[PDB]
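Hydrogens, waters and symmetry mates are skipped; everything else that's a heavy atom, side chains included, is used. Order of the sequence lines sets the chain letters (A, B, ...), proteins ahead of strands, with each chain counted from 1.
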2 protein chains.
Amino acid sequence: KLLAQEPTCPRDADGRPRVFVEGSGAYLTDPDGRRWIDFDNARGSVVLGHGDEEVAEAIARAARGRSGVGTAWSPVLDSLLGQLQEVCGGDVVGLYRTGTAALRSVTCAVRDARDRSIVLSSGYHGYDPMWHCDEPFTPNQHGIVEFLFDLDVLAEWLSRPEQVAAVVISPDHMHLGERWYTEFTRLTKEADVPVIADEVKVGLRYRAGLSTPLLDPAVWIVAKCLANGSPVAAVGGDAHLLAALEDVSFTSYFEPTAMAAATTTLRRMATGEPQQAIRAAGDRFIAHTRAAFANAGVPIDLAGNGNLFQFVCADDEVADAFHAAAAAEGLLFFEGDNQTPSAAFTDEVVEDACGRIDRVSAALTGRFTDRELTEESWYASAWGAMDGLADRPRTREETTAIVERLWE
Amino acid sequence: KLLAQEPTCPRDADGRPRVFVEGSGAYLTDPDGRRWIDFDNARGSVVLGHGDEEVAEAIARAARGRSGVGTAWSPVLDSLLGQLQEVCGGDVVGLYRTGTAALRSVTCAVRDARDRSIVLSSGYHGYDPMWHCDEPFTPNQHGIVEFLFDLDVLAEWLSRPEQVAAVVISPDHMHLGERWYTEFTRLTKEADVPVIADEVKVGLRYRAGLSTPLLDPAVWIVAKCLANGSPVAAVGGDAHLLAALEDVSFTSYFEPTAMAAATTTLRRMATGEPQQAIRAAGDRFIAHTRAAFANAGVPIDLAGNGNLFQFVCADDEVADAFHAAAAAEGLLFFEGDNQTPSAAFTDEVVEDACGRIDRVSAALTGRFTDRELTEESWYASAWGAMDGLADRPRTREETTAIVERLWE
Ligand SMILES: Cc1ncc(COP(=O)(O)O)c(CNC[C@H]2O[C@H](O[C@H]3[C@H](O)[C@@H](O)[C@H](N)C[C@@H]3N)[C@H](N)[C@@H](O)[C@@H]2O)c1O
Ligand SMILES: Cc1ncc(COP(=O)(O)O)c(CNC[C@H]2O[C@H](O[C@H]3[C@H](O)[C@@H](O)[C@H](N)C[C@@H]3N)[C@H](N)[C@@H](O)[C@@H]2O)c1O
């Protein structure tokens, strides 16, 4: 009753937030003492594991004033800014406390520098009202055009490039591939329109760098993979497009525990070693789960890879039964969205999660053996996770029909 | 050269950031080993003291997952929301990572609830471009009218009340008195326009509550005094005006170290004891300093009280000389803005600081003896610290003239 906001979090079947009282590594403990395996991981921001020792020791020293104070520039900030630039590229870098803040600030800065009114957008960019819209493919009141990753619509808007300030996309790699990114970049280069790569979720997710070399971003944003859940986002890119960032300052800019979490996490993420380990362990869990369901005739497949994957169910009913069965075994999934294991998802935890998937499979057998994975199932589950249209061959009339089905 | 932003921080006379390696209580240590007394305190967000051990212990435990994880609701959140509603009041509460984000979210929500386009504003509300304006007393492109705490301009805009969604003010108590607040509240009650009290700086600063009972805010925001520098801001007030906050969610919402810092700090700030101790200690420093300058012919006075005060210098040459002399003695002032001691500013620190101020006064004696504080000195100093016009008697044409001198 007290809380005016509606934060995204795991919720039970009746909509009330699931309470977890402690966590460590890959395991969460609920009030009754039951241990769950976390695949949500603070919506993908805990990439090293809950309570990671090295980060925790750095945070504790920073809370005791040993590595700088919030009053002033600290010795470690230069190394943070320098490594961000080495890993992600760009002329200049900037820092924020949320992805929402970073996305609003850089989009306004790029719009100002370009002196053009229209921004074309696909993917989620945060909660700020500037992104709200009543319908896709047309400007909202802030000049933003949602194009749902549809390149026919994008091509049309870019055929009048004079008025387009920038294209901002949150890249997805479960449902968009080489073909889509090659044509996206071809179109934007032809229009000479700068691209803002919103890599809040996928920046540093797959390797020590941005998510695909097929994109050529003028500006990038990363956050979830940067600080093991502490509130830090970073931006970088072309100096003239980010000129307006000179007016950005906020009180907690130099707060030392966030600085400790970001520097300690980035030094490790910049080696690529956590992403490689997560990839191997997650790949094993995916392969085990895919074969389990296929052998038991459960109509649920997987998209993505070990770093970032999602469940594709034939229908809503299937997804509901899956989610109840998963919860009963102590698997904590981000329901209808993407699963992002952390480095704490070791070989032993994989074994444990596979045993829990074995029991979910056994609890779903013979209930939905008839149902097929239709094109409708693939678009609906992709729409939940990457917030637009999957790259699957389709007619223009089919685009309209999908959007009519799925738009909120 | 890497940073695209210009964060507010102590800088030397050439504009380069002063670097500090470590801090404990009221003392900072610089790279050369010199100890400085901090009056800036992360722009007033460190109210207990750098490295406060009780907060550090709670942060360290939270960093190890001992009371919750960023994935999910936990009991620490229930207690925090309850503590906020108990100290500040209101129907509902919400949380943010910065004062800037909180102010933008509540202002948009209130404007949408009121279905009116004009917001009247005084004081600083954060870095977001929605507050940028070319001229005072006229609506910017977002419908916001800056009125610089001038109640004659406010009365003019409230004489046409039907299009005024809200009045948002950052209360000042160094240069605005009881008479200002009683007339402000009378005018806004008469127009039936809700008041948003931006108490990011002054909320809990002076007592265990908001800054003055002479305001009747429909919505309040606090931050600086909440978490000893960790990135937490809170809002609350009338449920119907904050209904759009149901759309607010962000990835780090459940981040446990920030919640640990806030619950621990707020528990101490809710007793009123830290603010009483700071008031007493800061008052002793102010009295000593005012007399040191006065008895040496140095044209520098002080405004405010022990919780929050500022220097008022005859002119900018005096202020520049004062700031250079202060840094030479290891006093770390928020230059040209307000000083906010922490609870680590104990009597032993007061005595040290008074000796340093004696040396500052000695360094300035004889340089500026023939200069005096004018009304222009008071308006210029107030403008830098509270971002509007001091409450001194003046006509409407004198207001225009002062603003023409000070508007940047
Ligand atoms: C790509 C991207 N850009 C910006 C942000 C905003 O960052 P902050 O949260 O730090 O401000 C994010 C945030 N990612 C959160 C999830 O967004 C989508 O899912 C839904 C959210 O769960 C919900 O809270 C929103 N109201 C709607 C949104 N569609 C993604 N499906 C999910 O994968 C993300 O974890 C970015 O991801
Ligand atoms: C009252 C108030 N509301 C909102 C904010 C924004 O909070 P966040 O910083 O967490 O986003 C603040 C912040 N206060 C910081 C200082 O602001 C003013 O000082 C100047 C700033 O330092 C500078 O960055 C700005 N460009 C201009 C601004 N005038 C206050 N004078 C200073 O006293 C504050 O400490 C609020 O204070």
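The shortest distance between side-chain heavy atoms of A:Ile169 and A:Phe147 falls below 4.5 Å. Here the side chains of A:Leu210 and A:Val222 are in contact, with some heavy-atom distance below 4.5 Å. Considering only heavy atoms from C-beta on, B:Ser67 stays 4.5 Å or farther from A:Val21 through its side chain. Residues B:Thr71 and A:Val46 are not in side-chain contact: their nearest non-hydrogen atoms beyond the backbone lie 4.5 Å or more apart. Looking at A:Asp30 and A:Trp36, their side chains come closer than 4.5 Å, going by heavy atoms from C-beta outward. The closest side-chain heavy-atom distance from A:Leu245 to A:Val92 is not below 4.5 Å. A:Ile278 has its side chain out of reach of A:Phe345: every pair of non-hydrogen atoms, C-beta onward, lies at least 4.5 Å apart. Within the 4.5 Å cutoff, the side chain of A:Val47 has no heavy atoms near those of the A:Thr340 side chain.
Salt-bridge check for B:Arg104 with A:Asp128: passed, with a basic side-chain N closer than 4.0 Å to an acidic carboxylate O. Of the charged side-chain nitrogens involved, none lies within less than 4.0 Å of a carboxylate oxygen, so that B:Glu199 and B:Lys224 do not count as a salt-bridged pair. The residues A:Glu22 and B:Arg61 are annotated as not salt-bridged, no charged nitrogen and carboxylate oxygen being separated by less than 4.0 angstrom.
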Practice task
For side-chain hydrogen bond (donor to acceptor under 3.5 Å, both in side chains), just list the numbers for B:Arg97 and B:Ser252, CA-CA rounded to whole Å, side-chain angles, deciding distance to a tenth of an Å, and then say yes or no.
Solution key: CA-CA 9 Å; B:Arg97 285 282 166 247; B:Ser252 71; 3.0 Å; yes
Practice task
Evaluate the criterion side-chain contact (heavy atoms from CB on, under 4.5 Å) for residue pair B:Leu84 and B:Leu266; output intermediate values, then yes/no.
Solution key: CA-CA 8 Å; B:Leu84 286 157; B:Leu266 182 54; 3.9 Å; yes
Practice task
Could you walk me through whether B:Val69 and B:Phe254 pass side-chain contact (heavy atoms from CB on, under 4.5 Å), step by step?
Solution key: CA-CA 7 Å; B:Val69 289; B:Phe254 299 101; over 6 Å; no
Problem - Residue pair A:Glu335, A:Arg11: steps toward the salt bridge (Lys or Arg N to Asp or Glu O under 4.0 Å) verdict - result: CA-CA 9 Å; A:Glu335 296 190 0; A:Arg11 286 162 190 280; over 6 Å; no
Exercise for the section: Apply side-chain contact (heavy atoms from CB on, under 4.5 Å) to the pair A:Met259 and A:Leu80, showing each step before the final yes or no. Expected result: CA-CA 8 Å; A:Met259 201 79 63; A:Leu80 179 62; 3.9 Å; yes
Handout entry: Candidate pair B:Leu204 and B:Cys88, rule side-chain contact (heavy atoms from CB on, under 4.5 Å), full reasoning
Key = CA-CA 9 Å; B:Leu204 324 178; B:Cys88 294; 4.3 Å; yes
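You'll find the ring centres of A:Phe311 and A:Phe333 inside the 6.0 Å limit. The six-membered or imidazole ring of A:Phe20 lies away from that of B:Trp73, with a centre-to-centre distance of 6.0 Å or more.
Looking only at distances, a side-chain donor or acceptor of A:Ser122 sits under 3.5 Å from a matching main-chain atom of A:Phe149. The closest donor-acceptor contact from the side chain of B:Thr107 to the backbone of B:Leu103 lies under 3.5 Å. The backbone N or O of A:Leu2 sits nowhere less than 3.5 Å from a side-chain atom of B:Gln85 that would complete a donor-acceptor pair. Judged by distance alone, with hydrogens and angles left aside, the side-chain atoms of A:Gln275 form a donor-acceptor pair with the main-chain N or O of A:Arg207 at under 3.5 Å. Side-chain atoms of B:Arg66 come within 3.5 Å of backbone atoms of A:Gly23 as a donor-acceptor pair (strictly under, hydrogens ignored). A distance-only check finds a donor-acceptor pair linking the side chain of A:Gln339 to the backbone of A:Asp337 [under 3.5 Å]. In this structure a side-chain-to-backbone donor-acceptor pair under 3.5 Å is present from B:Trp220 to B:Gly89. Judged by distance alone, with hydrogens and angles left aside, the side-chain atoms of A:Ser249 form no donor-acceptor pair with the main-chain N or O of B:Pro7 at under 3.5 Å. In this structure, the side chain of B:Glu255 engages the main chain of B:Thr257 through a donor-acceptor pair within 3.5 Å. A donor-acceptor pair is defined here as one N or O able to donate and one able to accept, closer than 3.5 Å; such a pair exists between the side chain of A:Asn140 and the backbone of A:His142.
Atoms OG and CG, on A:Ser342 and A:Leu48 in that order, are 7.5 Å from each other to the nearest 0.5 Å. Summarising the geometry, atom CG belonging to A:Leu28 is positioned 11.0 Å from atom OG belonging to B:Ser74; distances are rounded to the nearest 0.5 Å. Taken from CG in B:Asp112 to NE2 in A:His132, the straight-line distance is 10.0 Å, to the nearest 0.5 Å. Atoms CG and CG, on A:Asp172 and A:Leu176 in that order, are 4.5 Å from each other to the nearest 0.5 Å. In this structure, OG1 in B:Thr100 is found 10.0 Å from CH2 in B:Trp131, a value given to the nearest 0.5 Å. Taking CE of A:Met269 as the start and CZ of A:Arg205 as the end, the distance is 7.0 Å to the nearest 0.5 Å.
Using modelled atom types, one finds no donor on one side chain facing an acceptor on the other under 3.5 Å when comparing B:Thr263 with B:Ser79. For B:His240 and B:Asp91, the side-chain atoms include no donor-acceptor pair closer than 3.5 Å. Side-chain contact, A:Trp407 with A:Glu146: no donor N or O sits under 3.5 Å from an acceptor N or O. Between the side chains of A:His125 and A:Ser170, at least one donor-acceptor pair of N or O atoms lies under 3.5 Å. Under the 3.5 Å distance criterion, with hydrogens and angles disregarded, a donor-acceptor pair is assigned to the side chains of A:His173 and A:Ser211. A:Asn228 and A:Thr265 are not linked by any side-chain donor-acceptor pair at a separation below 3.5 angstrom, with hydrogens and angles left out of the test. For A:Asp38 and A:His50, the side-chain atoms include at least one donor-acceptor pair closer than 3.5 Å. Using a 3.5 Å distance cut-off with no hydrogens or angles, the side chains of B:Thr251 and A:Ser45 do not pair a donor with an acceptor.
The two residues A:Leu241 and A:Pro194 make their nearest non-hydrogen contact at CD1-CB, 3.8 Å. The minimum heavy-atom distance linking A:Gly236 with A:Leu242 is given by the pair C-CD1, 3.8 Å. Considering every non-hydrogen atom in both B:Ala62 and B:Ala260, the closest pair reads CB-CB, 3.8 Å. Between A:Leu77 and A:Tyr253 the shortest heavy-atom distance is CD2-CE2, 4.4 Å. A pairwise comparison of heavy atoms in A:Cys108 and A:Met130 identifies SG-CE, 4.4 Å as the closest pair. Closest of all the heavy-atom pairs between A:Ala56 and B:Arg64 is CB-CG, 3.9 Å.
In this structure, B:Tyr127 and A:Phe250 have tilted ring planes: the angle between them lies in the 30° to 60° band.
The 12-atom threshold is not exceeded at CD of B:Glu86, counting heavy atoms of other residues, nucleotides or ligands nearer than 6.0 Å.
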